[PDB]
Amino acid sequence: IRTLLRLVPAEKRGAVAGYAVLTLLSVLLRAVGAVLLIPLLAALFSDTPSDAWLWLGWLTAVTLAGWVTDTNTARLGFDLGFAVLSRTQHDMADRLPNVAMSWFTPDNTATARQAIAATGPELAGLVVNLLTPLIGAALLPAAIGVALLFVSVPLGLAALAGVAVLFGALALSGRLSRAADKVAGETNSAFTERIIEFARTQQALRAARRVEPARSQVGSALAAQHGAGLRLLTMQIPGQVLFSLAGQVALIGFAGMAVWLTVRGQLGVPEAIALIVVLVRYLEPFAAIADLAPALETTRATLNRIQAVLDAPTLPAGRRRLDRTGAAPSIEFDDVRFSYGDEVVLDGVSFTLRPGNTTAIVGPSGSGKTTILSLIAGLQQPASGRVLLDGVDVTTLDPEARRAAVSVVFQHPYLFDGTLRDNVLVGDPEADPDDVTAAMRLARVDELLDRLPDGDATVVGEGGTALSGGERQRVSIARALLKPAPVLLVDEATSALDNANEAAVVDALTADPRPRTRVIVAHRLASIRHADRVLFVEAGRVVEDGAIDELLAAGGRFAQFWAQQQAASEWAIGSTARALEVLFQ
């Protein structure tokens, strides 16, 4: 495929182009050495025995004239196999940061992990252990056909006529064996997917007294699939064993007619041997390499997943936002539409957030709220419409301008293994220690530093002291506060068991001296009561827009949401006085 000539490293296209023809003549030299077995053994005893090793001196010419060309192909392939080993994983590594994060599915992240980890020595001996043994063994049955032409043409074209029928026969045996492993992996998956389902629902089944009714239904469904498997073994391998039989039927076949339908050629018992050395390495390696052919073809395809389908964000670096740098910008959505595949997430949204204020986005978990922040931050781009920061399209921004424009507090802390101070300095590594101290204090990370013997130098990875969810969040808030971006986004997912984490979010929104346009997807009244504007997002559309006091006076969707969140904080088990029968409130 074009999989390998994608992995061809620069400065080495001449070493692979020479390799292409330098390994091609080796197949030509082993083809003349095979047809040189025709006369050498025909004179060794058949007629006029012992001829003083004439053709042996000419076969010793082509044997070690192949030794010279093959002592470089492996050596060249060894360095060529390491050159692709180096260029491949480096290119995929430098390409992943510039991938639209919509691409990072749970599965595409698993294939990307395989491509950049489990592809070490397999790519090292890629060419020498499979590419050169396959390129050679695929053209040898046709190489002797042109190397036998000068001995006999009715015997020569009969090889090129018989080389196309046996390749297709194996191509059908390899297709029957490939179509048989598919159904094999499907039934066993259907076998085990019922075992997994009965295991994950064991609590619900036992609590509902449905454990035995489901025990028999799965036991019989597995007993029926067990029967369907037995009948498909009877009518399948009557063909597989036939094709290695088909390998030895052509051997004794031609050797069984060249013995009786000839009579005029008892020097043609090298012909039974010449036909053998043509079929010695035909389906002997082809079956021995067909197990490692897709085992090396799809690691070139999961590798093809990263680079061929980069899905790199457009990011045309046309602008740098060098207007009012460091000033809180306005945020504008102009007919912004977004879809994850085929489902609509944002269905034409238009609003304009005035610069300097803070907006709270609420809504029934439609995942559009979080999408609104991703489009502002630049993690994703709108399918149609524009997102403008002070009238400048976020997609028209330079990579360094879009990176330094938005600061984000994700739902997850996203902390790396290292010192606690290093996880905060990610927001600004060259920031003065006064700014780092203020960020960790406003985020209330200093409350955590007291219980740490090493302070902010305490390593928080797996080899160090562990942090709780609320503490990890406060570290993430300090990281976002430390970055001097004129925009701050909070995808609120704060711990309900940490009053310091709840107070750190409020402080980060209301006690930050830096002018920032702030947007927060929040659920607590303590975090949204300070907002100047509320966007109620429902079914991919902004169905309410206004200030807190005026939305509460309208008595609509946000008014009910506010009253429910208020009652949720005052909630206590067994405190409604059995008044649930009348109002259901």
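Numbers for residues come from their place in the sequence shown, where the first is 1.
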| item | value |
| --- | --- |
| Given 440 to 448 and 252 to 260, the range whose Cα B-factors average higher in the PDB entry | 252 to 260 |
| Between 189 to 197 and 304 to 312 (mean CA B-factor, as deposited), the higher | 304 to 312 |
| Top Cα B factor in the deposited entry, candidates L140, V362, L467, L420 | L140 |
| Among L56, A554, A526, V542 - the residue whose C-alpha B-factor is largest in the record | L56 |
| Entry-reported Cα temperature factor of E332, expressed as the chain third it lands in | lowest |
| Record-listed C-alpha B factor of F286: chain third | highest |
| Entry-reported Cα temperature factor of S384, expressed as the chain third it lands in | lowest |
| B-factor third for the C-alpha atom of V459 within its chain | middle |
| Modelled-residue ranking by C-alpha temperature factor, third containing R75 | highest |
